[PDB]
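S.K.: Residue numbers (UniProt numbering), protein chains in the order written: chain E, 41 to 196; chain S, 1 to 33, 48 to 113; chain B, 1 to 76, 123 to 175; chain U, 2 to 84; chain R, 1 to 201, 217 to 318; chain Y, 93 to 141; chain Z, 37 to 95; chain F, 1 to 70; chain H, 1 to 98. All residues carry an ideal CB built from backbone N, CA and C; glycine is no exception. Here's a structure for you.
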Amino acid sequence: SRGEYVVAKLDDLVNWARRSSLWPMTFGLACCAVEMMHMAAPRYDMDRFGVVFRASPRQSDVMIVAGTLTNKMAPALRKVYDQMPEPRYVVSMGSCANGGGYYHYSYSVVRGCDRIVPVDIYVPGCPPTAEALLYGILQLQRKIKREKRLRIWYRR
Amino acid sequence: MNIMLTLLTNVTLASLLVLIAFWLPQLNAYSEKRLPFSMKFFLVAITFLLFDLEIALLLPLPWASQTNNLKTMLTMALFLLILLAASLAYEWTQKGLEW
Amino acid sequence: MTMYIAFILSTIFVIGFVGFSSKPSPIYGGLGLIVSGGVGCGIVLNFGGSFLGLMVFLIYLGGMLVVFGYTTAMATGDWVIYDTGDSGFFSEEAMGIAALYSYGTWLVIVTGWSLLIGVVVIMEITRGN
Amino acid sequence: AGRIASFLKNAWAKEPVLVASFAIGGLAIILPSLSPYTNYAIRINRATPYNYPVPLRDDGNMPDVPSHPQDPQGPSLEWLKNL
Amino acid sequence: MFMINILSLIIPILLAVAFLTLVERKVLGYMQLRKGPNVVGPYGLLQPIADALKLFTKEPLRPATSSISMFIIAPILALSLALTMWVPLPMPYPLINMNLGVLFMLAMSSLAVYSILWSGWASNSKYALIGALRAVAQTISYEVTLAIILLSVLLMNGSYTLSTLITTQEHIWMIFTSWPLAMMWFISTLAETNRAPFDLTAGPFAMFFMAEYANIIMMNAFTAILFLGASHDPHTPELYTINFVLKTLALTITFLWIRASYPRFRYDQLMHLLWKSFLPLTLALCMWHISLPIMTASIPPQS
Amino acid sequence: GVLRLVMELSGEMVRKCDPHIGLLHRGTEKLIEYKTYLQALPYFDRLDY
Amino acid sequence: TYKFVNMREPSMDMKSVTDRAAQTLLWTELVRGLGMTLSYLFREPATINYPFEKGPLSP
Amino acid sequence: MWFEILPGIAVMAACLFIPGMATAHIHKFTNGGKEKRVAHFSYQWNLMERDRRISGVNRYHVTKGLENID
Amino acid sequence: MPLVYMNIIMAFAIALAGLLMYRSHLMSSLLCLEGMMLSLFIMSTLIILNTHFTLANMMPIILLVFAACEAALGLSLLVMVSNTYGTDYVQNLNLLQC
Ligand SMILES: CCCCCCCCCCCCCCCCC[C@@H](O)O[C@H](CO[C@H](O)CCCCCCCCCCCCCCC)COP(=O)(O)OCC[N+](C)(C)C
Ligand SMILES: CCCCCCCCCCCCCCCCC[C@@H](O)O[C@H](CO[C@H](O)CCCCCCCCCCCCCCC)COP(=O)(O)OCC[N+](C)(C)C
Ligand SMILES: CCCCCCCC/C=C\CCCCCCCC(=O)O[C@H](COC(=O)CCCCCCC/C=C/CCCCCCCC)COP(=O)(O)OCCN
Ligand SMILES: CCCCCCCC/C=C\CCCCCCCC(=O)O[C@H](COC(=O)CCCCCCC/C=C/CCCCCCCC)COP(=O)(O)OCCN
Ligand code: SF4
């Protein structure tokens, strides 16, 4: 019927708008930050996808954890995450953020940033190439394109 | 009437757009979870106020130039500008423009 | 007749004065004074005082109440009395105001002296020690 | 003589904005008293009719008052035209 | 049909400030050996629409303790003033033909600081209040020299009517009569709109951004009319409109160029810039421009 | 990088500046003691990256 | 062997002082920087068209 | 290349075309094919008022020539 | 005398009474003073424009300027008082008494 057709099209429009302008704030904790700046360098030009460089936390759509999260730093990262407006997404970059990495068996390192915040995309590597991080960002865009909020509301 | 209608339209449009911005994302359910008082800022504000008063005195100059008393107008106009300069120089030399 | 628009503006003027004269939360009092100043500027403009109304609106609002707000934030029957003739090919308010530099030499001298003295006085008062 | 020239040269360095400001203000004060066109400006201002020229009642004793605008009597603006 | 004229003034300005974001991103990218947005839309052209929709569908973070009244008032005042400042301008014929149009624009720009003051006050933060105080101080400081430069320039025009500026520049631009004043005016308009190198500071955020970009475009259009006088033929005003629009676009792109070319000042450094370099020259050149028409018997007509 | 910086200001001027570090303390020197020399080589890539 | 980076002494003749004053009052070096940015806009960007183009790798 | 900035600029230019042009045409439409009359200084307003009174249709822009002199 | 003058005079009297009340907050005292000045400016402008008294068009501007200077002075005083007490409450100024 038209009732579900209208919400389907409106959901498609909202998803397109949300994913075609992703504004990230980056936690440049360690040397994965160098590769994310290489993703904003001229060769890859993340801005050309609508993904602005260094958005503020209060107008950020996605958080990129790029580096090792230590026990001393975990509360600050959770505090920053809470501040972000919803809908918010988290991309985990590199071994250190994914699962602790080369400091997994350490007394001062959080064994994966997903103990602290939920994670949408895990980008592997030490460090991932800027091209691999771009692949992860585009995968997050496809994941956003897959979501369907208005249908769930209409069918509930 | 034209100017009043123009301002009314501008204000109405701004209010409508701000309110729809503030209410479109409020309809969907979500989680829904000192002393210092720098004196320099006050002094720069006061300096602006005084220079603004002297600019207010300066404002009628475009009409002042058709008077048949050109010499007196030039003297007085120049005197005001000179007067304005003295305030700037006195404030400068008394360490009034520092941080 | 627009139901005594001058009377309506004067009534809004009085209401705004009643509002900020209760002196609630000096930022709110300043806001009420800003609204009253806008209404009074409207009164003067509607009367025909274009330059003087714009002087209200520029000097008073944009400088003086702005400095008041700065300092505060740092802390914790009509239409009948009118004329009949015209003005010519000029505006009489502008000619009278422009006569300040040819007719009002004495006023210019005393006003400039007072303003310079005010600058000096503010310096001396705020010096402190 | 030498002191003033040395001071002006030392001010033209490290303070050129103030030297320019004072030169421009001084010229603005001085030149109008020496220009020969300021009297022309005063005359141009006097020659602009904002009000109606109220005619005079003739009494047979006004040879220099014109009886018609085209008559040669009265002020002329050839000097304005040639400017 | 006055409402249609008001709408045909308001709506195209908002579209222009929406696509100015695209132009800025594209220009900065190409000055940085890269591109701007070129994926969303055929040439990035749908990027502003996606930005607007995303911003308008995001959760608004009300401070939960601040003055909701001023929190809602500040963007209203900002955007209302931004849209009001376009009415006086003659392109070639003005929507409202004001006798003292220039003074009206000055008064609007003077009001534009209440939005900064109220947004800083209603942030319920000491650090944001410090930043708001810095912004207000910079704005008032530079609007001083804007006013003085503006009256000095208008002394060659004969009145405050913006249409007469077209008549004054019938033969030659005003840039040739006074380029130093135009230079200081350009820097003061950079500092007035909080643009680099003077950039020291969901929905309502976009409202504030729209107001700032509309003020940028209007300030550049005002500069074009004031100093770069197009020739207007009364039987074909579209030539004047195209010329004026081209000059305004050039000045806005120059703002982007300047943002892409320089570092930013410190607070005390831009304060010293104004109070110790622009104000002395502005006073001196105001004296000079008062004396000049009388010395040379070139006083403009209107009184 | 990541830095916490606690400072005391008198108006514009900086009076005191105390940096707080350790937000990237991974314990590399203790981890090296459990590796061979070859295994401990890659830590030095990650030191000054 | 060592080099000096900032051990130059400005000339104090009238012409050099006038040149520095012209630089101060007319913003010559600012215009020079604007000129480099302008020139640099008029060349090819370095951006590749990912994912249709890929960065170079090695065996 | 750089000319790919031209589309957006063009769009922006078109938007800035709309206000001024619109005003002009509206001033032609409400003023009988002539520029809207300017009235400063109140002698101009008196001229407009006299025109409006002598038009016969309560419209200042309906101009009466010698054909109305009889 | 029409009702517009009556309303402006009433506004002046209301502002004067508000100044004389002194609930607290000397800043409110300065605000009441400047509201009085605004009413004075409006009514003087109305009288001068209504009677077509051209040379007196000078007077309102002058008044404004002088009064604004007073505000500056008053503000300075307020600021200094706060620096002694931390706030601008009226009841802090009781060191000197009759
Ligand atoms: C006048 C009143 C306005 C009110 C508010 C309305 C907002 C403005 C309306 C205009 C919206 C513009 C829509 C643009 C969408 C087209 C984008 C298109 O190119 O996307 C493609 C098409 O994808 C989707 O099919 C697009 C779905 C968008 C919505 C479809 C219809 C929605 C119309 C409903 C509007 C009614 C609104 C009701 C309430 C206002 C997929 O590309 P994408 O995946 O990205 O990129 C991958 C990268 N590659 C291609 C380079 C490899
Ligand atoms: C006389 C004894 C003086 C010694 C005592 C000193 C005490 C203080 C001095 C201040 C008094 C200043 C006197 C000036 C009175 C102004 C009026 C007079 O001068 O005539 C004017 C002449 O104007 C003169 O140009 C005034 C020049 C004075 C201003 C220049 C310097 C003023 C400095 C005074 C002190 C200010 C602060 C201190 C600065 C160092 C009028 O010009 P005119 O056009 O014919 O008539 C206009 C009427 N119309 C339109 C019908 C034709
Ligand atoms: C006599 C004409 C009057 C009209 C012209 C004036 C119009 C506007 C100009 C005056 C503005 C006010 C200036 C205030 C003066 C204060 C100067 C000052 O305090 O600066 C000193 C130093 O400045 C000085 O040297 C004092 C003035 C020096 C002389 C300047 C020029 C004097 C005359 C030069 C030209 C004279 C005429 C031109 C000659 C050529 C032929 C035309 C310290 O500088 P800082 O930045 O604080 O510290 C630096 C270290 N951090
Ligand atoms: C014979 C009678 C003639 C009448 C007199 C005329 C004589 C004129 C001669 C001098 C006039 C020059 C004045 C023009 C402006 C001068 C202001 C100035 O020089 O200020 C600079 C500062 O100016 C700046 O640096 C501001 C730059 C900010 C960045 C913006 C970049 C803009 C440059 C790109 C071109 C801009 C185009 C402007 C014109 C646009 C036209 C619409 C000085 O500061 P500092 O060098 O730091 O040192 C002072 C302490 N000793
Ligand atoms: S994940 Fe790998 S590349 Fe990134 S900071 Fe940790 S060790 Fe370095």
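Which of the residues in the segment 45 to 71 of chain E, read from start to end, lie with their CB under 9 Å from any CB of chain Z?
M.R.: Against chain Z - using a Cβ distance shorter than 9 Å - the segment 45 to 71 of chain E contributes no residues.
S.K.: Measure the alpha-carbon distance for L61/R versus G29/B and round it to whole angstroms.
M.R.: For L61/R and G29/B, the distance between alpha carbons rounds to 28 Å.
S.K.: Taking the DSSP output, what are the residues bridged to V98/Y?
M.R.: Per DSSP, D110/Y.
S.K.: Cβ of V67/Z versus every heavy atom of ligand 4: is any distance shorter than 8 Å?
M.R.: Result yes, Cβ under 8 Å from ligand 4.
S.K.: Does any residue of chain B have a CB that is nearer than 9 Å to the CB of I309/R?
M.R.: Judged by the 9 Å Cβ criterion, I309/R is not in contact with chain B.
S.K.: Would you call the segment 226 to 234 of chain R and the segment 80 to 92 of chain Z in contact, with 3 or more CB pairs under 8 Å?
M.R.: Not touching, per the Cβ criterion.
S.K.: Look up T66/E in the DSSP assignment and give the residues it is bridged to.
M.R.: Looking at the DSSP assignment, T66/E forms a beta bridge with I104/E.
S.K.: Please determine whether the Cβ atom of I148/R lies at a distance below 8 Å from any heavy atom of ligand 3.
M.R.: No, the beta carbon of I148/R sits no closer than 8 Å to any heavy atom of ligand 3.
S.K.: Any heavy atom of ligand 5 closer than 8 Å to the beta-carbon of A70/E?
M.R.: Indeed, a heavy atom of ligand 5 lies less than 8 Å from the Cβ.
S.K.: Distance check for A91/S and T49/U, CA to CA, integer angstroms please.
M.R.: Going from the Cα of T49/U to the Cα of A91/S covers about 22 Å.
S.K.: Could you list which residues in chain H have their beta carbon closer than 8 Å to that of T11/B, in chain order?
M.R.: Going along chain H in sequence order, the residues near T11/B (Cβ under 8 Å) are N7.
S.K.: With distances taken Cα to Cα, identify the nearest neighbour of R83/E among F78/Z, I84/Z, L77/Z.
M.R.: The shortest Cα separation from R83/E among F78/Z, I84/Z, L77/Z belongs to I84/Z.
S.K.: Identify the continuous beta strand (DSSP E) that holds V131/E and give its terminal residues.
M.R.: Residues 129 to 133.
S.K.: Residues near ligand 2, CB to any non-hydrogen atom under 6 Å, in chain order?
M.R.: Those satisfying the condition are, in chain order, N83/S, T86/S, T89/S, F93/S, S148/B, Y149/B, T151/B, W152/B, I155/B, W159/B.
S.K.: Is DSSP giving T72/B helix, strand or coil here?
M.R.: If DSSP states are grouped into helix, strand and coil, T72/B belongs with the helices.
S.K.: Could you check if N2/S is buried or exposed, using at least 16 other CB atoms within 10 Å of its CB as the buried criterion?
M.R.: That one is exposed.
S.K.: Is the CB of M1/B under 9 Å away from at least one CB in chain H?
M.R.: Not closer than 9 Å to any Cβ of chain H, the Cβ of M1/B fails to qualify, so no.
S.K.: Shorter than 8 Å, the distance from the beta carbon of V159/E to the closest heavy atom of ligand 3, or not?
M.R.: No - ligand 3 has no heavy atom lying nearer than 8 Å to the Cβ of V159/E.
S.K.: Taking only the alpha-carbon atoms, compute the straight-line gap between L111/R and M141/B and give it to the nearest angstrom.
M.R.: Whole-angstrom Cα-Cα distance: 27 Å.
S.K.: Is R189/E a contact residue of ligand 1, with contact defined as CB to any heavy atom under 8 Å?
M.R.: Outside the cutoff, so no.
S.K.: Measuring CA to CA, which of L133/R, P92/R, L296/R, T167/R is closest to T251/R?
M.R.: The candidate whose alpha carbon is nearest that of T251/R is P92/R.
S.K.: Helix, strand or coil for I161/E, going by three-state DSSP, please let me know.
M.R.: Strand at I161/E.
S.K.: So that I know if they touch, is there some Cβ in chain E lying closer than 9 Å to that of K58/R?
M.R.: Output row for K58/R: interface = yes.
S.K.: Any heavy atom of ligand 7 closer than 8 Å to the CB of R151/E?
M.R.: Ligand 7 is absent from the structure shown, which contains only ligand 1, ligand 2, ligand 3, ligand 4 and ligand 5.
S.K.: Counting only beta-carbon separations shorter than 9 Å, does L64/S have a partner in chain C?
M.R.: Although the question refers to chain C, the structure presented lacks it and instead comprises the protein chains E, S, B, U, R, Y, Z, F and H.
S.K.: In the segment 154 to 170 of chain E, which residues sit with their C-beta less than 7 Å from some C-beta in chain R, listed in chain order?
M.R.: Here the close residues number zero.
S.K.: Residues of chain F with a CB under 7 Å from the CB of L77/Z: which are they?
M.R.: Within chain F, the residues near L77/Z are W2.
S.K.: Do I48/H and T157/B have their beta-carbon atoms positioned less than 9 Å apart in this structure?
M.R.: The answer is no: Cβ separation not under 9 Å.
S.K.: Going by the CB atoms, is the gap between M302/R and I96/S shorter than 9 Å?
M.R.: Result yes, Cβ atoms of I96/S and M302/R sit closer than 9 Å.
S.K.: For a cutoff of 9 Å on Cβ pairs, would you count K54/S as touching chain Y?
M.R.: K54/S counts as touching chain Y.
S.K.: Which residues in the same chain as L62/E place their Cβ atom closer than 6 Å to its Cβ, once the five residues preceding and following it in sequence are excluded?
M.R.: Correct list, in chain order: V91, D101, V102.
S.K.: Any heavy atom of ligand 3 inside 8 Å of the beta-carbon of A70/S?
M.R.: No, the Cβ of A70/S stays beyond 8 Å of every heavy atom of ligand 3.
S.K.: Verify the CB distance criterion: does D122/E have a CB-CB separation below 9 Å to chain S?
M.R.: It does; some Cβ of chain S falls within 9 Å.
S.K.: Looking only at C-alpha atoms, which of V144/R, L165/R, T193/R, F293/R sits nearest to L243/R?
M.R.: Nearest option by C-alpha distance: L165/R.
S.K.: Please state whether the Cβ-Cβ distance between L75/H and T71/B is less than 9 Å.
M.R.: Taking 9 Å as the Cβ cut-off, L75/H and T71/B qualify as a contacting pair.
S.K.: Which same chain residues end up closer than 7 Å to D124/B when comparing Cβ atoms and leaving out the 5 residues on each side of it in sequence?
M.R.: Once the five neighbours on either side are set aside, the close Cβ partners of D124/B are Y4, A6, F7.
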